[PDB]
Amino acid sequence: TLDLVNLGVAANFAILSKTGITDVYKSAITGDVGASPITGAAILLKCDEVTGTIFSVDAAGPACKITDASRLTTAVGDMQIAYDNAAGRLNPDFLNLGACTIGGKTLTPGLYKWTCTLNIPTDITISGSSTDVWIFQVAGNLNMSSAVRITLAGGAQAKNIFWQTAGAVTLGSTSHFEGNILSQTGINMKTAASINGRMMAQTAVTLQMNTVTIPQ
C-alpha cells in the first residue's frame, strides 16, 4: 500500500493559499480558511460564507478574522512539505494514463504520474477500500469540465486522495471533485462547482458560488 501524504497543520484547513482567496458571492465553505504570507485583505470571503475560522497574518480581512501569523506560517510550511512529499513519490503504477484525458475511467489505488496537462472531460470513479490511497502527480495543469462528477466506490474516502499539480487547477462550472489538491500555483473553481477535499494552493484559490467541504 501507498503511504498517506501527511498535511500536518494544513489538514485543519478546507482552503489554504499564499496569495489569497477570491470569491463570487455566495459560496458555502465548511472548515477553516487562511492565507499566508499575504495580508488578510487578500481573503475576499464574507463571514456568512465560512463555517469555521478565517485566519489572517495581520489586522486586515473579513470582520470575523482571527489574526494568527505563527499557525498560518506552520500551516503553509506543512503544505509545502506535503506538496514536496507527494511530488517526490517514486515508482509510479501508471504514467500518462488515457494519454492525459481520463473521462469514463475507474481509477484503482496507486501512484499515477502525468508529464502533461491532465483533462477530465467526463465522469470518473475512484474505486478502492476505506484505507486505500491515491496519489495523482500532474506535471502540468489539471482541468475538469462543467458537470463532471468524481464518484467514490468501494469505501474509497476523499481524505485518502491527493492531487499534486505543478500547474493550475480549473474545475468547471457545476463539476463535483473529490480529494485533497496540492497545487504549486492556483486552484480556480467555477459557478456552483463543489469539492469534497482541501484546496492547498501556493498561489491563489478563486471561487465562484462554490460548495467546499473538508473531508470527514
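The numbering used is simple: start at 1 and walk along the sequence shown.
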Report summary line: Higher of the two mean Cα B-factors (97 to 105, 70 to 78; per PDB record) comes from 97 to 105
Query raised in the report: Averaged over C-alpha atoms, is the B-factor higher for 51 to 59 or for 167 to 175 in this PDB entry?
Result: 167 to 175
Query raised in the report: If you compare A10, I21, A201, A192, which has the highest Cα B-factor in the entry?
Result: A192
Query raised in the report: Going by what the PDB entry lists, where does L152 fall on CA B-factor within its chain: lowest, middle or highest third?
Result: highest
Report task. Name the third of the chain's ranked CA B-factors that contains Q184, choosing lowest, middle or highest. Result -> middle
Query raised in the report: Mind checking which third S146 falls in for C-alpha B-factor across the chain?
Result: highest
Query raised in the report: C-alpha B factor of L2, ranked within the chain: lowest, middle or highest third?
Result: highest
Query raised in the report: Going by the entry, which third of its chain does the Cα temperature factor of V212 land in?
Result: lowest
